[PDB]
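Student: Sharing a structure here in structure tokens format.
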Amino acid sequence: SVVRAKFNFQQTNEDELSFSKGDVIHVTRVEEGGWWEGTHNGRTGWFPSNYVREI
Amino acid sequence: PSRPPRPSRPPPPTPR
């Protein structure tokens, strides 16, 4: 449930989670289809699963 | 507490 951002991701709404390359994100929900939910720096939202790598 | 729905849009491609 711990992943590291491979790329920057810029949220397009407040359902989505922004992060920078190298940020550590904690996965809160795994679904298939290319989107996971996670939390970073007190915010929770969805992000592309192929934008991160498991630690 | 209510959680955000999974995006309906397709996941974006990784930056090239």
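Rule-based calculations on the coordinates, nothing more; no lab input. Here Cβ is always computed from backbone atoms with ideal geometry, including for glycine, and neighbour counts include all displayed protein chains.
Student: Within segment A:39-53, is even one residue touching a strand residue (DSSP E or B) at 6+ places or on another chain (Cβ under 8 Å), surrounded by fewer than 11 Cβ atoms within 10 Å (Cβ to Cβ) and within 17 Å of B:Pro13 (Cβ to Cβ)?
Tutor: yes
Student: Still on this structure, please answer the following. Working only within segment A:30-42, note down all residues that are more than 8 Å from chain B (Cβ to nearest Cβ) and in contact with a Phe, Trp or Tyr (Cβ under 9 Å, 6 or more places away or on another chain). Step through it out loud before you land on a result.
Tutor: From segment A:30-42, those more than 8 Å from chain B (Cβ to nearest Cβ) are A:30, A:32, A:36, A:38-42; that's our starting set.
Listed by number, the residues that qualify are A:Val30, A:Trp36, A:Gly38, A:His40, A:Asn41.
Student: Still on this structure, please answer the following. Which residue is farthest from A:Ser49 (Cα to Cα), if the candidates are limited to segment A:24-38 and must be hydrophobic (A, V, I, L, M, F, W, C) and surrounded by fewer than 16 Cβ atoms within 10 Å (Cβ to Cβ)?
Tutor: Looking at the filtered set, the residue picked out is A:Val24.
Student: On to the next question. I need the full set of residues from segment A:10-27 which are touching a residue at least 24 places away in the same chain (Cβ under 8 Å) and at the interface with chain B (Cβ under 8 Å from one of its Cβ atoms), in order please.
Tutor: Result: A:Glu14, A:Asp15, A:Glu16.
Student: For A:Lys21, which of the numbered conditions (1) within 16 Å of B:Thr14 (Cα to Cα); (2) surrounded by 13 or more Cβ atoms within 10 Å (Cβ to Cβ) fails to hold?
Tutor: So the condition that A:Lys21 fails would be (2).
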